[PDB]
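Working notes, structure below.
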Amino acid sequence: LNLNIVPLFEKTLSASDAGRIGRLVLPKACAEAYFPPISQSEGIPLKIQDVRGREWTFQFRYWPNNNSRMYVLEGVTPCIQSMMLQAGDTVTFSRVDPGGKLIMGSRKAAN
DNA sequence: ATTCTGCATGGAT
DNA sequence: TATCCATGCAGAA
Ligand SMILES: [Hg+2]
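In the numbering used here, the protein residues as written are 558 to 668.
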């Protein structure tokens, strides 16, 4: 059958996202809009392939923030290093239709 | 000291 | 006023 890659959204890494803590923050709008919906704080494990085949597995989860939710992927440090990534570079998420498989990529900062 | 948690804050807009 | 995510910041180990 016929296949296509739908871009979902991107995230320009912050220091907090890029450093040692291992959590990459997702803006709520984007999280709820493009990832599986989730009803509990401690969310689900989420598998994302990269261009060169490799599956990564993060916990996709959130906490109560104000009267809403703040969202994150936990356990990302391996992947960031593997991709030689820093604050200011950018990660792009993307979906493959039909079937809705999640994949990812990144690019270096503008300089 | 250190890393991990689980939020809460407040700066930026 | 409001929103909200980058970073603070305390337990707990
Ligand atoms: Hg990654």
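Heads up, the beta-carbon is just placed ideally off N, CA and C, and yes, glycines get one too.
In the DSSP assignment, what are the bridge partners of residue i?
i      : result
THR569 : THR647
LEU642 : BP columns for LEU642 are empty, so no partner.
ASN561 : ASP654
Which one of the options has the shortest CA to CA distance from residue i?
i      : options                   : result
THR634 : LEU570, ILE562 and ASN623 : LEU570
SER651 : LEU659, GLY645 and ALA644 : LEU659
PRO564 : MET661, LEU583 and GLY576 : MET661
Could you tell me if the beta carbon of residue i falls within a distance shorter than 7 Å of some heavy atom in ligand 1?
i      : result
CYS636 : yes
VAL582 : no
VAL648 : yes
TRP613 : yes
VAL633 : yes
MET640 : yes
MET661 : yes
Looking at the unbroken alpha helix (DSSP H) that takes in residue i, where does it start and where does it end?
i      : result
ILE595 : Here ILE595 belongs to no alpha helix (DSSP H), and DSSP marks it neither H nor E.
Please list the terminal residues of the continuous beta strand (DSSP E) segment that includes residue i.
i      : result
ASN668 : No beta strand (DSSP E) holds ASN668; DSSP gives it neither H nor E.
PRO655 : Taken as a continuous stretch (DSSP letters only), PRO655 belongs to no beta strand (DSSP E), as it is neither H nor E.
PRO584 : Element bounds for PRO584: n/a, residue is neither H nor E.
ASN622 : 612-622
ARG577 : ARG577 -> no beta strand (DSSP E), and no H or E assigned at all.
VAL608 : That residue, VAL608, is in no beta strand (DSSP E); it is neither H nor E in DSSP.
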